[PDB]
file start32.txt (compact mmCIF, C-alpha atoms and all ligand atoms)
# COMPACT_ATOMS: atom_id res chain seq x y z
CA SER A 29 114.49 94.37 92.89
CA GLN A 30 115.39 94.42 96.61
CA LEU A 31 113.19 93.04 99.42
CA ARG A 32 114.16 94.31 102.88
CA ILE A 33 113.06 92.23 105.86
CA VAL A 34 113.59 92.94 109.58
CA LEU A 35 113.25 90.30 112.31
CA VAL A 36 111.99 91.20 115.76
CA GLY A 37 111.23 89.06 118.80
CA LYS A 38 112.43 87.98 122.21
CA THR A 39 115.82 86.33 122.55
CA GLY A 40 115.21 82.59 122.03
CA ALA A 41 112.28 83.05 119.60
CA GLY A 42 114.25 81.79 116.60
CA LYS A 43 114.98 85.09 114.81
CA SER A 44 118.44 84.10 113.61
CA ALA A 45 117.29 80.61 112.57
CA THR A 46 114.36 82.17 110.67
CA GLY A 47 116.75 84.53 108.95
CA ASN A 48 118.83 81.57 107.85
CA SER A 49 115.77 79.86 106.47
CA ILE A 50 114.80 83.07 104.52
CA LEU A 51 118.32 83.51 103.10
CA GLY A 52 118.72 79.79 102.41
CA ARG A 53 122.11 79.53 104.15
CA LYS A 54 123.43 79.41 107.71
CA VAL A 55 124.89 82.89 108.15
CA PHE A 56 123.27 84.23 111.34
CA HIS A 57 124.36 82.73 114.67
CA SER A 58 121.46 80.75 116.03
CA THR A 66 123.38 87.93 118.39
CA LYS A 67 124.97 90.83 120.34
CA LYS A 68 124.30 93.39 117.54
CA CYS A 69 122.11 93.86 114.45
CA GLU A 70 123.43 92.06 111.41
CA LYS A 71 122.43 92.62 107.77
CA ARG A 72 122.89 89.76 105.24
CA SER A 73 121.70 89.25 101.66
CA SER A 74 120.85 86.46 99.18
CA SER A 75 119.80 86.25 95.53
CA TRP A 76 116.43 84.53 95.10
CA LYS A 77 115.16 84.36 91.51
CA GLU A 78 115.27 88.01 90.32
CA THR A 79 115.01 89.35 93.90
CA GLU A 80 117.75 90.45 96.30
CA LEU A 81 116.58 89.42 99.78
CA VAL A 82 118.07 91.69 102.49
CA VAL A 83 117.49 90.41 106.00
CA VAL A 84 118.22 92.30 109.21
CA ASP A 85 118.42 90.09 112.27
CA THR A 86 118.09 91.89 115.63
CA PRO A 87 119.58 91.29 119.09
CA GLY A 88 117.68 91.47 122.40
CA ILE A 89 116.38 95.05 121.92
CA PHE A 90 112.89 94.14 123.27
CA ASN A 96 118.88 101.91 127.73
CA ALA A 97 121.37 104.43 126.27
CA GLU A 98 123.40 101.72 124.49
CA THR A 99 120.17 100.11 123.21
CA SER A 100 118.98 103.40 121.73
CA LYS A 101 122.27 103.84 119.78
CA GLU A 102 121.95 100.28 118.54
CA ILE A 103 118.25 100.81 117.57
CA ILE A 104 119.24 103.86 115.54
CA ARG A 105 122.02 101.81 113.91
CA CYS A 106 119.62 98.93 113.21
CA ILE A 107 117.18 101.32 111.52
CA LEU A 108 119.91 102.88 109.34
CA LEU A 109 120.74 99.44 107.93
CA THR A 110 117.37 99.17 106.08
CA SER A 111 117.03 102.76 104.84
CA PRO A 112 114.70 104.26 103.78
CA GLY A 113 112.75 101.46 105.49
CA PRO A 114 111.88 97.80 105.37
CA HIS A 115 109.12 96.21 103.31
CA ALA A 116 108.28 93.64 105.99
CA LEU A 117 108.69 93.39 109.77
CA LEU A 118 108.56 89.83 111.01
CA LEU A 119 107.46 89.16 114.59
CA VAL A 120 108.96 85.81 115.51
CA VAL A 121 107.24 83.67 118.20
CA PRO A 122 108.27 80.18 119.50
CA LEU A 123 105.43 77.69 119.50
CA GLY A 124 105.10 75.87 122.86
CA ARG A 125 107.54 78.26 124.58
CA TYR A 126 105.20 81.29 124.56
CA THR A 127 104.42 81.79 128.28
CA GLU A 128 105.07 85.00 130.34
CA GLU A 129 108.23 86.96 129.42
CA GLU A 130 107.59 85.99 125.75
CA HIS A 131 104.24 87.86 125.61
CA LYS A 132 105.75 90.76 127.60
CA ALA A 133 108.08 91.34 124.61
CA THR A 134 105.21 91.10 122.08
CA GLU A 135 102.97 93.71 123.75
CA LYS A 136 105.91 96.15 123.85
CA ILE A 137 106.82 95.56 120.19
CA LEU A 138 103.16 96.14 119.22
CA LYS A 139 102.77 99.23 121.43
CA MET A 140 106.04 100.60 120.02
CA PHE A 141 105.16 100.15 116.32
CA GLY A 142 101.40 100.82 116.80
CA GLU A 143 98.42 100.50 114.44
CA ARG A 144 100.15 101.97 111.32
CA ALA A 145 102.78 99.31 111.26
CA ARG A 146 100.28 96.45 111.22
CA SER A 147 100.01 96.51 107.41
CA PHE A 148 103.71 95.56 106.96
CA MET A 149 104.01 93.14 109.93
CA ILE A 150 103.92 89.34 109.60
CA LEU A 151 103.72 86.79 112.41
CA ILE A 152 106.29 83.96 112.17
CA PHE A 153 105.86 80.92 114.43
CA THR A 154 108.98 78.79 114.97
CA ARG A 155 109.28 75.26 116.44
CA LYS A 156 106.58 73.84 114.17
CA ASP A 157 108.31 70.46 114.55
CA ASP A 158 107.59 70.54 118.32
CA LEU A 159 104.02 69.86 117.16
CA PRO A 172 95.75 79.32 124.38
CA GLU A 173 94.75 82.95 125.09
CA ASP A 174 98.08 84.63 124.27
CA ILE A 175 98.23 82.80 120.91
CA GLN A 176 94.59 83.62 120.03
CA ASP A 177 95.16 87.35 120.80
CA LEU A 178 98.06 87.21 118.31
CA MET A 179 95.93 85.51 115.71
CA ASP A 180 93.17 88.11 116.12
CA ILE A 181 95.78 90.59 114.85
CA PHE A 182 97.72 88.48 112.23
CA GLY A 183 95.07 85.96 111.09
CA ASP A 184 95.73 86.61 107.41
CA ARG A 185 99.49 87.30 107.77
CA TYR A 186 101.24 84.38 109.48
CA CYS A 187 103.49 81.43 108.86
CA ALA A 188 104.74 78.48 110.94
CA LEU A 189 108.36 77.34 110.35
CA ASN A 190 110.43 74.27 111.21
CA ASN A 191 113.83 75.92 110.94
CA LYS A 192 115.52 72.52 111.41
CA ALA A 193 113.91 71.30 108.14
CA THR A 194 116.28 69.98 105.48
CA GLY A 195 116.03 69.05 101.80
CA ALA A 196 112.65 69.29 100.07
CA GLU A 197 110.76 70.25 103.28
CA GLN A 198 113.20 73.13 103.78
CA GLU A 199 112.89 74.29 100.13
CA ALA A 200 109.05 74.04 100.17
CA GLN A 201 108.74 76.00 103.41
CA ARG A 202 111.13 78.69 102.16
CA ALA A 203 109.05 79.19 99.03
CA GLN A 204 105.80 79.45 101.08
CA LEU A 205 107.50 81.95 103.43
CA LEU A 206 108.88 84.18 100.69
CA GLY A 207 105.48 83.90 98.94
CA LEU A 208 103.67 85.29 102.03
CA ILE A 209 106.16 88.15 102.46
CA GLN A 210 105.79 89.15 98.82
CA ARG A 211 101.98 88.92 99.13
CA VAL A 212 101.90 91.20 102.21
CA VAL A 213 104.32 93.60 100.54
CA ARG A 214 102.34 93.88 97.25
CA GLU A 215 99.10 94.34 99.23
CA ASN A 216 100.51 97.12 101.47
CA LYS A 217 98.42 100.06 100.22
CA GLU A 218 100.55 102.33 102.50
CA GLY A 219 103.90 100.82 101.33
CA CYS A 220 105.01 102.28 97.99
CA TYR A 221 103.86 105.59 96.51
CA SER B 29 98.39 107.15 97.57
CA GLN B 30 100.53 108.53 100.42
CA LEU B 31 103.83 110.43 99.97
CA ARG B 32 105.93 110.61 103.13
CA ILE B 33 108.51 113.39 103.34
CA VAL B 34 111.01 114.11 106.15
CA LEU B 35 112.82 117.44 106.57
CA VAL B 36 116.33 117.60 107.97
CA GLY B 37 118.71 120.51 108.44
CA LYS B 38 120.27 122.88 110.94
CA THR B 39 118.01 125.06 113.05
CA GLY B 40 117.43 128.25 111.01
CA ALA B 41 117.66 126.50 107.60
CA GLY B 42 113.95 126.95 106.86
CA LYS B 43 112.68 123.39 107.49
CA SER B 44 109.35 124.45 108.99
CA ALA B 45 108.79 127.13 106.33
CA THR B 46 109.58 124.56 103.61
CA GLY B 47 107.11 122.17 105.18
CA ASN B 48 104.46 124.86 105.05
CA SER B 49 105.19 125.47 101.41
CA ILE B 50 104.91 121.67 100.66
CA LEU B 51 101.61 121.34 102.57
CA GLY B 52 100.25 124.60 101.18
CA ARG B 53 99.25 125.98 104.59
CA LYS B 54 100.98 127.54 107.60
CA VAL B 55 100.90 124.72 110.13
CA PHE B 56 104.53 124.32 111.27
CA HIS B 57 106.01 127.03 113.49
CA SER B 58 108.61 128.87 111.47
CA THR B 66 110.23 123.37 116.74
CA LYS B 67 111.08 121.61 120.05
CA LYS B 68 109.88 118.17 118.82
CA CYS B 69 109.12 116.31 115.56
CA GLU B 70 105.73 117.13 114.14
CA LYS B 71 103.81 115.20 111.48
CA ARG B 72 101.19 117.03 109.35
CA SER B 73 99.26 116.07 106.21
CA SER B 74 97.55 117.66 103.18
CA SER B 75 95.52 116.42 100.20
CA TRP B 76 97.14 117.32 96.88
CA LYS B 77 95.31 116.03 93.79
CA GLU B 78 94.96 112.26 94.44
CA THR B 79 97.98 112.22 96.80
CA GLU B 80 98.11 112.47 100.59
CA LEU B 81 101.28 114.45 101.40
CA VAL B 82 102.65 113.53 104.87
CA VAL B 83 105.41 115.83 106.05
CA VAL B 84 107.58 115.32 109.11
CA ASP B 85 109.35 118.44 110.28
CA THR B 86 112.32 117.90 112.62
CA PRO B 87 113.79 119.89 115.52
CA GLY B 88 117.50 120.56 116.12
CA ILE B 89 118.59 116.88 116.12
CA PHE B 90 121.73 117.63 114.03
CA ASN B 96 122.31 112.95 123.72
CA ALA B 97 120.00 110.52 125.57
CA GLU B 98 116.92 112.74 125.09
CA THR B 99 117.85 113.25 121.41
CA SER B 100 118.07 109.51 120.81
CA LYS B 101 114.55 108.96 122.25
CA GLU B 102 113.27 111.77 120.05
CA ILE B 103 115.08 110.34 116.95
CA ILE B 104 113.42 106.99 117.55
CA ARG B 105 110.07 108.76 117.94
CA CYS B 106 110.67 110.80 114.77
CA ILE B 107 111.42 107.60 112.81
CA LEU B 108 108.27 105.85 114.09
CA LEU B 109 106.13 108.68 112.69
CA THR B 110 106.95 107.75 109.04
CA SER B 111 106.85 103.94 109.31
CA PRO B 112 107.84 101.81 107.50
CA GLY B 113 109.94 104.68 106.09
CA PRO B 114 109.83 107.88 104.11
CA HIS B 115 109.87 108.19 100.34
CA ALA B 116 111.98 111.36 100.39
CA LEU B 117 114.45 112.96 102.81
CA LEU B 118 114.88 116.66 102.21
CA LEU B 119 118.12 118.34 103.25
CA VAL B 120 117.28 122.01 103.73
CA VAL B 121 120.03 124.64 103.29
CA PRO B 122 119.76 128.48 103.60
CA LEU B 123 121.23 130.33 100.64
CA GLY B 124 123.62 133.12 101.74
CA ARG B 125 123.66 131.90 105.36
CA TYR B 126 125.68 128.71 104.68
CA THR B 127 129.00 129.41 106.45
CA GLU B 128 130.61 127.26 109.23
CA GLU B 129 128.16 125.64 111.70
CA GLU B 130 125.73 125.17 108.75
CA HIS B 131 128.14 122.85 106.86
CA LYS B 132 129.07 121.09 110.13
CA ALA B 133 125.43 119.91 110.30
CA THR B 134 125.42 118.78 106.64
CA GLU B 135 128.55 116.59 106.87
CA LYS B 136 127.08 114.85 109.94
CA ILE B 137 123.70 114.27 108.26
CA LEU B 138 125.48 112.81 105.21
CA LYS B 139 127.86 110.66 107.28
CA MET B 140 124.89 109.43 109.34
CA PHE B 141 122.68 108.42 106.38
CA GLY B 142 125.61 107.37 104.13
CA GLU B 143 125.79 106.36 100.45
CA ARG B 144 122.60 104.20 100.41
CA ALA B 145 120.39 107.06 101.39
CA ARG B 146 121.55 109.29 98.54
CA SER B 147 118.94 107.86 96.14
CA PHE B 148 116.02 109.19 98.27
CA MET B 149 117.61 112.50 99.38
CA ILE B 150 116.82 115.88 97.80
CA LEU B 151 118.61 119.18 98.41
CA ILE B 152 116.29 122.13 99.18
CA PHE B 153 117.74 125.65 99.13
CA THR B 154 115.73 128.31 100.99
CA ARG B 155 116.05 132.13 100.85
CA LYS B 156 115.93 132.22 97.06
CA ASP B 157 114.53 135.75 97.38
CA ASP B 158 117.79 136.87 99.07
CA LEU B 159 119.18 136.52 95.54
CA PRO B 172 131.45 128.95 96.95
CA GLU B 173 133.21 125.68 97.88
CA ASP B 174 130.70 124.38 100.43
CA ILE B 175 127.83 124.93 97.95
CA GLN B 176 129.71 123.28 95.05
CA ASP B 177 130.50 120.20 97.21
CA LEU B 178 126.74 119.92 97.84
CA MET B 179 125.96 120.25 94.17
CA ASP B 180 128.49 117.55 93.28
CA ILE B 181 126.24 115.24 95.31
CA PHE B 182 122.70 116.59 94.48
CA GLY B 183 123.20 118.11 91.00
CA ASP B 184 120.17 116.33 89.56
CA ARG B 185 118.07 116.42 92.77
CA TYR B 186 117.70 120.00 94.04
CA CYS B 187 115.29 122.87 94.31
CA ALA B 188 115.51 126.52 95.42
CA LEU B 189 112.52 127.95 97.35
CA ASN B 190 111.29 131.41 98.30
CA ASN B 191 109.12 130.34 101.22
CA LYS B 192 107.80 133.92 101.55
CA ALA B 193 106.26 133.66 98.05
CA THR B 194 102.54 134.33 97.78
CA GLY B 195 99.85 133.88 95.12
CA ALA B 196 100.84 132.51 91.72
CA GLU B 197 104.60 132.44 92.53
CA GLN B 198 103.83 130.34 95.61
CA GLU B 199 101.53 127.95 93.66
CA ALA B 200 104.05 127.58 90.78
CA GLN B 201 106.95 126.85 93.11
CA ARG B 202 104.89 124.31 95.08
CA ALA B 203 104.04 122.43 91.89
CA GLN B 204 107.73 122.37 90.79
CA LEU B 205 108.73 121.16 94.28
CA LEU B 206 106.17 118.36 94.46
CA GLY B 207 107.08 117.47 90.85
CA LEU B 208 110.78 116.96 91.80
CA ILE B 209 109.90 114.87 94.87
CA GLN B 210 107.64 112.62 92.83
CA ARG B 211 110.34 112.33 90.12
CA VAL B 212 113.01 111.28 92.65
CA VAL B 213 110.58 108.87 94.29
CA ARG B 214 109.51 107.15 91.02
CA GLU B 215 113.18 106.90 89.94
CA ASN B 216 114.34 105.33 93.25
CA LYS B 217 115.27 101.85 92.01
CA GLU B 218 115.91 100.87 95.69
CA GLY B 219 112.60 102.41 96.94
CA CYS B 220 109.65 100.08 96.32
CA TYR B 221 109.85 96.32 95.75
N1 LIG A 301 113.33 72.59 117.01
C1 LIG A 301 113.38 73.85 116.53
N2 LIG A 301 114.30 74.66 117.09
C2 LIG A 301 114.41 75.94 116.65
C3 LIG A 301 113.56 76.43 115.58
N3 LIG A 301 113.90 77.71 115.39
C4 LIG A 301 114.90 78.02 116.24
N4 LIG A 301 115.20 76.94 116.98
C5 LIG A 301 116.20 76.82 118.06
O1 LIG A 301 115.82 77.73 119.10
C6 LIG A 301 117.01 78.23 119.72
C7 LIG A 301 117.09 79.73 119.58
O2 LIG A 301 117.17 80.07 118.21
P1 LIG A 301 117.81 81.46 117.73
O3 LIG A 301 117.75 81.49 116.23
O4 LIG A 301 119.20 81.71 118.23
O5 LIG A 301 116.76 82.49 118.40
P2 LIG A 301 116.95 84.08 118.47
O6 LIG A 301 117.48 84.45 119.84
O7 LIG A 301 115.58 84.70 118.35
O8 LIG A 301 117.85 84.61 117.36
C8 LIG A 301 118.17 77.53 119.03
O9 LIG A 301 118.46 76.34 119.75
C9 LIG A 301 117.63 77.17 117.67
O10 LIG A 301 118.35 76.08 117.07
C10 LIG A 301 112.59 75.48 115.03
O11 LIG A 301 111.80 75.85 114.12
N5 LIG A 301 112.55 74.24 115.53
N1 LIG A 302 113.37 135.44 103.24
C1 LIG A 302 113.19 134.12 103.43
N2 LIG A 302 113.12 133.71 104.72
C2 LIG A 302 112.93 132.40 104.99
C3 LIG A 302 112.79 131.44 103.90
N3 LIG A 302 112.63 130.24 104.48
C4 LIG A 302 112.65 130.41 105.82
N4 LIG A 302 112.82 131.72 106.10
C5 LIG A 302 112.93 132.36 107.42
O1 LIG A 302 114.09 131.82 108.07
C6 LIG A 302 113.84 131.77 109.47
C7 LIG A 302 113.94 130.34 109.97
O2 LIG A 302 112.93 129.57 109.35
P1 LIG A 302 112.38 128.22 110.02
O3 LIG A 302 111.32 127.66 109.12
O4 LIG A 302 111.87 128.39 111.42
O5 LIG A 302 113.72 127.33 109.99
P2 LIG A 302 113.91 125.92 110.73
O6 LIG A 302 114.62 126.13 112.04
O7 LIG A 302 114.82 125.08 109.87
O8 LIG A 302 112.59 125.18 110.93
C8 LIG A 302 112.46 132.35 109.68
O9 LIG A 302 112.61 133.75 109.90
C9 LIG A 302 111.76 132.13 108.36
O10 LIG A 302 110.67 133.05 108.17
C10 LIG A 302 112.87 131.96 102.53
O11 LIG A 302 112.78 131.18 101.56
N5 LIG A 302 113.06 133.28 102.37
MG MG A 303 119.70 85.56 117.27
MG MG A 304 111.45 124.57 112.56
call {"tool": "encode", "arguments": {"input": "start32.txt", "output": "structure tokens"}}
result
Amino acid sequence: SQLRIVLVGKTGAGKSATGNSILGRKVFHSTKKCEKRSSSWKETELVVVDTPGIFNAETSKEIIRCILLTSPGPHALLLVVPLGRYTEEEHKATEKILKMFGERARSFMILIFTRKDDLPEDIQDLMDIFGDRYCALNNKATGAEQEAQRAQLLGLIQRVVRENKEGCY
Amino acid sequence: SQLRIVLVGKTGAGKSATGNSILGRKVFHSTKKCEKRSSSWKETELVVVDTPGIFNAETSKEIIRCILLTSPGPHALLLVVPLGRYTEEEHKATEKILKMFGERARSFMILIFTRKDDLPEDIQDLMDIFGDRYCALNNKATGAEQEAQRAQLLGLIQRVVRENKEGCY
């Protein structure tokens, strides 16, 4: 069956890179418009929508168009945050994303940290919300490290999706 | 579990009336903005979003707001059409709705005819698309007729939703 994933975050967070890691190929450009791309993973079609710098008239059109790509809706919304580079304008984007989607959306949202290889109040506030539902990625990983991290990432997404008691009917 | 239903159609189609019939109480006004209302039906929470005359800047804001009400997405999108009163500007709305949502959306869309009690090329084109997935309502029905028609309507929605092979993961 089909697993629909949307990536949100500030420009420079690593959305497109994360999408590449999910899909297991370099297809997003690591973004002036929303792009939908697919892969086959085991018996699952992964459908990933990468988003441009959405977070006023032109943006609204593009938001509507982005939403229509994942109809009737996604299974998982991935908030992508760059470790180390999460400072002022990076948290300004996160508070707006969270205010926009609100409490209801929390059950299908997952926090993705990028720049794990480059290894705080703003980070601990995030973790108070997504403590159970988060992942750290090194999107530059290759070989076995890359394959292991992809499995762990898809495993989390599937876990959150199966647990979403307000997902399916 | 929760069953999320969105109503689309031209002003005067009977959206709000249909929503009342689904929810089993007169709560929509039979609409300047999207309104979300709920009922308990057996072990199911029915969540119905009634829409205003969406089908340019203000509309886009309101579309985004309408979409956020049913996050991550609806299970069923109900296209509401008034029998007898389906002429020129009524089909103009339908072609735009269908172009907007496109082929993908067809699997979760259901055709609802209103004004059954008031008992063609435009109608046969519709039926070529929704032959298996349609219902006719008399939203003025009371008593047993009302209860019978509500059961048949909820039964169709649940059927379409369980059959949607691109719905749940
Ligand atoms: N070192 C490192 N760089 C990353 C990682 N993820 C993304 N990047 C880099 O961060 C920059 C922005 O990435 P990009 O995918 O375009 O971010 P986007 O704007 O959110 O789509 C690029 O230089 C990427 O190569 C990571 O996990 N580690
Ligand atoms: N006779 C009859 N009138 C209906 C039916 N459904 C809706 N109406 C009437 O059609 C008019 C428009 O209905 P309304 O729910 O406000 O349509 P909306 O603009 O799509 O929300 C009102 O007069 C309703 O009472 C129906 O099944 N039979
Ligand atoms: Mg990008
Ligand atoms: Mg109305």
call {"tool": "residues_near_ligand", "arguments": {"input": "start32.txt", "ligand": "ligand MG 304 (chain A)", "cutoff": "8 Å", "atoms": "all atoms listed in the file", "output": "list in words"}}
result
residues 39, 40, 42, 43, 44, 45, 56, 57, 58, 66, 85, 86 and 87 of chain B
call {"tool": "residues_near_ligand", "arguments": {"input": "start32.txt", "ligand": "ligand LIG 302 (chain A)", "cutoff": "12 Å", "atoms": "only C-alpha atoms and all ligand atoms", "output": "PyMOL selection string"}}
result
chain B and resi 35-49+54-58+66-70+84-90+118-125+130+133+152-159+187-194+198+201
call {"tool": "interface_residues", "arguments": {"input": "start32.txt", "of": "chain B", "to": "chain A", "cutoff": "6 Å", "atoms": "all atoms listed in the file", "output": "list in words"}}
result
residues 29, 30, 31, 112, 113, 220 and 221 of chain B
call {"tool": "atom_distance", "arguments": {"input": "start32.txt", "atom1": "CA of residue 72 in chain B", "atom2": "CA of residue 50 in chain B"}}
result
10.5 Å
call {"tool": "atom_distance", "arguments": {"input": "start32.txt", "atom1": "CA of residue 150 in chain B", "atom2": "CA of residue 184 in chain B"}}
result
8.9 Å
call {"tool": "atom_distance", "arguments": {"input": "start32.txt", "atom1": "atom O1 of ligand LIG 301 (chain A)", "atom2": "CA of residue 139 in chain A"}}
result
25.3 Å
call {"tool": "build_atoms", "arguments": {"input": "start32.txt", "residues": "range 36-53 of chain A", "atoms": "N, CA, C and O atoms", "output": "PDB file, keeping the file's coordinate frame"}}
result
ATOM      1  N   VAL A  36     112.085  90.810 114.361  1.00  0.00           N
ATOM      2  CA  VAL A  36     111.990  91.200 115.760  1.00  0.00           C
ATOM      3  C   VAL A  36     111.346  90.094 116.613  1.00  0.00           C
ATOM      4  O   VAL A  36     110.563  89.289 116.137  1.00  0.00           O
ATOM      5  N   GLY A  37     111.667  90.102 117.895  1.00  0.00           N
ATOM      6  CA  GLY A  37     111.230  89.060 118.800  1.00  0.00           C
ATOM      7  C   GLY A  37     112.125  88.972 120.021  1.00  0.00           C
ATOM      8  O   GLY A  37     113.206  89.578 120.085  1.00  0.00           O
ATOM      9  N   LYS A  38     111.648  88.240 121.013  1.00  0.00           N
ATOM     10  CA  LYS A  38     112.430  87.980 122.210  1.00  0.00           C
ATOM     11  C   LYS A  38     113.578  87.044 121.918  1.00  0.00           C
ATOM     12  O   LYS A  38     113.465  86.141 121.080  1.00  0.00           O
ATOM     13  N   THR A  39     114.700  87.263 122.597  1.00  0.00           N
ATOM     14  CA  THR A  39     115.820  86.330 122.550  1.00  0.00           C
ATOM     15  C   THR A  39     115.314  84.919 122.805  1.00  0.00           C
ATOM     16  O   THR A  39     114.608  84.686 123.780  1.00  0.00           O
ATOM     17  N   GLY A  40     115.660  83.985 121.922  1.00  0.00           N
ATOM     18  CA  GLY A  40     115.210  82.590 122.030  1.00  0.00           C
ATOM     19  C   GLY A  40     113.978  82.266 121.183  1.00  0.00           C
ATOM     20  O   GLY A  40     113.504  81.135 121.183  1.00  0.00           O
ATOM     21  N   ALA A  41     113.459  83.254 120.460  1.00  0.00           N
ATOM     22  CA  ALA A  41     112.280  83.050 119.600  1.00  0.00           C
ATOM     23  C   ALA A  41     112.595  82.265 118.348  1.00  0.00           C
ATOM     24  O   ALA A  41     111.735  81.574 117.825  1.00  0.00           O
ATOM     25  N   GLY A  42     113.832  82.378 117.872  1.00  0.00           N
ATOM     26  CA  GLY A  42     114.250  81.790 116.600  1.00  0.00           C
ATOM     27  C   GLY A  42     114.428  82.801 115.473  1.00  0.00           C
ATOM     28  O   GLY A  42     114.304  82.446 114.296  1.00  0.00           O
ATOM     29  N   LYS A  43     114.714  84.062 115.816  1.00  0.00           N
ATOM     30  CA  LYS A  43     114.980  85.090 114.810  1.00  0.00           C
ATOM     31  C   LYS A  43     116.098  84.677 113.844  1.00  0.00           C
ATOM     32  O   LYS A  43     115.918  84.633 112.614  1.00  0.00           O
ATOM     33  N   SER A  44     117.258  84.373 114.412  1.00  0.00           N
ATOM     34  CA  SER A  44     118.440  84.100 113.610  1.00  0.00           C
ATOM     35  C   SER A  44     118.240  82.866 112.721  1.00  0.00           C
ATOM     36  O   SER A  44     118.569  82.886 111.541  1.00  0.00           O
ATOM     37  N   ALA A  45     117.673  81.813 113.303  1.00  0.00           N
ATOM     38  CA  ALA A  45     117.290  80.610 112.570  1.00  0.00           C
ATOM     39  C   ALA A  45     116.313  80.906 111.425  1.00  0.00           C
ATOM     40  O   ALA A  45     116.471  80.396 110.326  1.00  0.00           O
ATOM     41  N   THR A  46     115.315  81.738 111.694  1.00  0.00           N
ATOM     42  CA  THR A  46     114.360  82.170 110.670  1.00  0.00           C
ATOM     43  C   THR A  46     115.022  82.948 109.559  1.00  0.00           C
ATOM     44  O   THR A  46     114.674  82.790 108.382  1.00  0.00           O
ATOM     45  N   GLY A  47     115.991  83.775 109.921  1.00  0.00           N
ATOM     46  CA  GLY A  47     116.750  84.530 108.950  1.00  0.00           C
ATOM     47  C   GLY A  47     117.564  83.629 108.046  1.00  0.00           C
ATOM     48  O   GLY A  47     117.677  83.884 106.845  1.00  0.00           O
ATOM     49  N   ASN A  48     118.093  82.551 108.616  1.00  0.00           N
ATOM     50  CA  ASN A  48     118.830  81.570 107.850  1.00  0.00           C
ATOM     51  C   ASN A  48     117.952  80.858 106.852  1.00  0.00           C
ATOM     52  O   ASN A  48     118.336  80.655 105.700  1.00  0.00           O
ATOM     53  N   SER A  49     116.742  80.531 107.294  1.00  0.00           N
ATOM     54  CA  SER A  49     115.770  79.860 106.470  1.00  0.00           C
ATOM     55  C   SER A  49     115.348  80.768 105.296  1.00  0.00           C
ATOM     56  O   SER A  49     115.238  80.302 104.171  1.00  0.00           O
ATOM     57  N   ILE A  50     115.139  82.061 105.566  1.00  0.00           N
ATOM     58  CA  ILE A  50     114.800  83.070 104.520  1.00  0.00           C
ATOM     59  C   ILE A  50     115.909  83.179 103.470  1.00  0.00           C
ATOM     60  O   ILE A  50     115.653  83.122 102.264  1.00  0.00           O
ATOM     61  N   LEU A  51     117.143  83.316 103.952  1.00  0.00           N
ATOM     62  CA  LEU A  51     118.320  83.510 103.100  1.00  0.00           C
ATOM     63  C   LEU A  51     118.825  82.208 102.454  1.00  0.00           C
ATOM     64  O   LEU A  51     119.613  82.243 101.508  1.00  0.00           O
ATOM     65  N   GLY A  52     118.381  81.076 102.982  1.00  0.00           N
ATOM     66  CA  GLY A  52     118.720  79.790 102.410  1.00  0.00           C
ATOM     67  C   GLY A  52     120.157  79.404 102.655  1.00  0.00           C
ATOM     68  O   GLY A  52     120.709  78.663 101.887  1.00  0.00           O
ATOM     69  N   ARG A  53     120.754  79.918 103.728  1.00  0.00           N
ATOM     70  CA  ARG A  53     122.110  79.530 104.150  1.00  0.00           C
ATOM     71  C   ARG A  53     122.288  79.890 105.629  1.00  0.00           C
ATOM     72  O   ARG A  53     121.620  80.789 106.155  1.00  0.00           O
TER      73      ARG A  53
END
